[PDB]
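Asker:
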Ligand SMILES: CC(=O)Nc1sccc1C(=O)O
Ligand SMILES: CC(=O)Nc1sccc1C(=O)O
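Numbering (mature numbering (1 follows the signal peptide of the UniProt record, and there is no 0)), first residue to last: 1 to 358.
1) What residues in its chain sit with their C-beta under 7 Å from that of residue 9, if we drop five residues either side in the sequence?
2) Please work out which residues of its chain come closer than 7 Å, Cβ to Cβ, to residue 223, disregarding the five sequence neighbours upstream and downstream, and give them in chain order.
3) Taking the continuous beta strand (DSSP E) assigned at residue 214, which residues delimit it?
4) Which residues are close to ligand 1, meaning CB closer than 5 Å to any heavy atom, in chain order?
5) Is the CB-CB distance between residue 97 and residue 149 below 8 Å?
6) Would you kindly report the start and end of the unbroken beta strand (DSSP E) that includes residue 31?
7) Could you tell me if residue 237 is buried or exposed, where buried requires 16 or more neighbouring beta carbons within 10 angstroms of its beta carbon?
8) Quick one: any contact between the stretch 261-271 and the stretch 65-85, if contact means 3 or more CB pairs under 8 Å?
9) In whole angstroms, what separates the C-alpha of residue 360 from that of residue 156?
10) Ordered along the chain, which non-local residues of its own chain (more than five positions away) have a Cβ less than 7 Å from that of residue 246?
11) Just to confirm, does residue 338 get its C-beta within under 7 Å of one of the non-hydrogen atoms of ligand 2?
12) Looking at the strands, I want to know which residues DSSP matches up with residue 194.
13) Should residue 61 be counted as a contact of ligand 2 given a C-beta to heavy atom distance under 7 Å?
14) Taking Cβ to Cβ, would you say residue 339 is nearer than 8 Å to residue 318?
15) Can you tell which of 42, 234, 286, 72 has the C-alpha that lies nearest to the C-alpha of residue 17?
16) Around the C-beta of residue 141, are 16 or more other C-beta atoms found within 10 angstroms, so that it is buried, or is it exposed?
17) Report the residue ranges of all alpha helix (DSSP H) runs contained in full by the stretch 69-115; include only those spanning at least 4 residues, in chain order.
18) How long is the line joining the alpha carbons of residue 258 and residue 226, rounded to whole angstroms?
19) Return the Cβ separation of residue 59 and residue 308 in integer angstroms, given the expectation that the two are a contact with Cβ distance under 8 Å.
20) Excluding sequence positions up to five away, which residues of its chain have a Cβ less than 6 Å from the Cβ of residue 212?
21) In the DSSP output, what is residue 272 paired with across the bridge?
22) Please report the straight-line C-alpha distance between residue 199 and residue 14, rounded to a whole angstrom.
23) For residue 7, does the count of other Cβ atoms within 10 angstroms reach 16, so buried, or fall short, so exposed?
24) Counting only the same chain and skipping the five closest in sequence on each side, list residues whose C-beta sits under 6 Å from that of residue 347.
25) Pull up the distance between the alpha-carbon of residue 145 and that of residue 264, whole angstroms please.
26) Can you tell me the Cβ-Cβ gap for residue 195 and residue 168, rounded? I've got them flagged as a contact below 8 Å.
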């Protein structure tokens with residue numbers, strides 16, 4: 001890379017790895033639209049396997065950006081509308097509390113208090129129905145935001161029903177393949193297991209366990225190269241040839257709700273750029289097990305704003321990921337690690353790098 005990029009990346013990330021005791025890390029910087037890659041450490045400590053540009057990391061909740069864009073693409077196809085009632089796509093959801101809860105509300109965590117996690121005891125599909133039928137909202141729809149896998153997870157599941165494709169097949173054919181993300185997976189194939197990093201939690205090697213709505217909320221695994229391509233695609237969507245996918249990306253970066261300085265997209269979250277680094281560093285949270293926030297509706301939503309800090313954090317038990325980009329500056333970063341280390345340290349490092357290059 002240009003020496004400036006080399007130096008800011010290394011001077012930020014070396015100390016981060018030391019301080020956080022991260023076994024392995026990969027970083028991509030997108031600068032003037034071109035990617036530059038960096039790797040450190042171990043994908044598998046026991047087997048002494050290094051992190052490489054081909055190593056697969058669990059994205060955790062960064063997966064929600066894929067779900068939001070896949071939903072955006074279904075909207076663009078005319079298959080679904082965000083104003084549609086949830087019950088249009090799950091007619092068995094007859095319980096009256098669902099009256100008035102739209103796909104928008106599911107996608108944006110504003111349904112009225114759907115919980116962070118789908119319970120482990122929810123195995124079967126009938127368990128899933130029972131779970132949602134019995135859930136009682138604390139709040140009216142469109143009034144408070146509570147970040148929730150059970151919310152965006154169900155959005156993803158419903159969004160693909162008109163297509164008749166499984167969520168995985170829809171994601172593959174409509175998002176991964178067109179964008180040439182050929183090493184991005186909901187289920188890691190045997191061919192790629194050699195490249196699948198272990199996550200580390202309390203020193204133990206761990207991979208994400210199966211759960212209801214996992215694919216839709218937290219289940220993608222990817223390489224630093226594919227994630228750089230993901231950022232490039234999101235930086236310049238109107239350069240994507242597939243018309244519905246281009247529109248879906250723009251829909252996912254549109255601003256639907258505001259809480260403080262932050263705006264809620266479909267998967268993506270956004271702040272106006274230039275951002276106050278304290279507004280995103282400290283705002284990256286999560287350490288807080290549950291933070292319920294009143295939201296202001298943006299009526300109608302603001303189409304994707306170029307002058308934004310667009311970002312998403314993600315974790316699993318053994319991994320911590322972060323993506324941020326600024327369309328206006330054709331600048332972005334991806335940080336993938338096989339330890340779940342504090343969000344504020346992620347955002348701080350990302351800020352330092354992008355601020356230096358801006
Ligand atoms: C900045 C911010 O959070 N504004 C909010 S949250 C809920 C309502 C409003 C408002 O401005 O009405
Ligand atoms: C999606 C998921 O499993 N997330 C987990 S497991 C343990 C911690 C976390 C997190 O997101 O902090």
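Think of the CB as a built atom: it goes at the ideal place given N, C-alpha and C, for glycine as much as any other residue.
Answerer: Working from what's here:
1) 27, 29, 38, 353
2) 53, 54, 55, 56, 183
3) It is not in any beta strand (DSSP E) - residue 214 instead sits in the alpha helix (DSSP H) that spans 214-218.
4) 259, 260, 294, 296
5) no
6) 24-31
7) buried
8) yes
9) Residue 360 lies beyond the residue range present for the chain, which begins at 1 and ends at 358; the question has no answer from this structure.
10) 237, 238, 240
11) no
12) Answer is none; residue 194 lacks a bridge partner.
13) yes
14) yes
15) 42
16) buried
17) 86-89, 103-107
18) 30 Å
19) Actually they are not in contact, since the Cβ atoms of residue 59 and residue 308 sit about 21 Å apart, beyond 8 Å.
20) 118, 122, 128
21) 308
22) 19 Å
23) exposed
24) 280, 281, 284
25) 9 Å
26) In fact, because the Cβ distance is near 19 Å, the residues do not count as touching under 8 Å.
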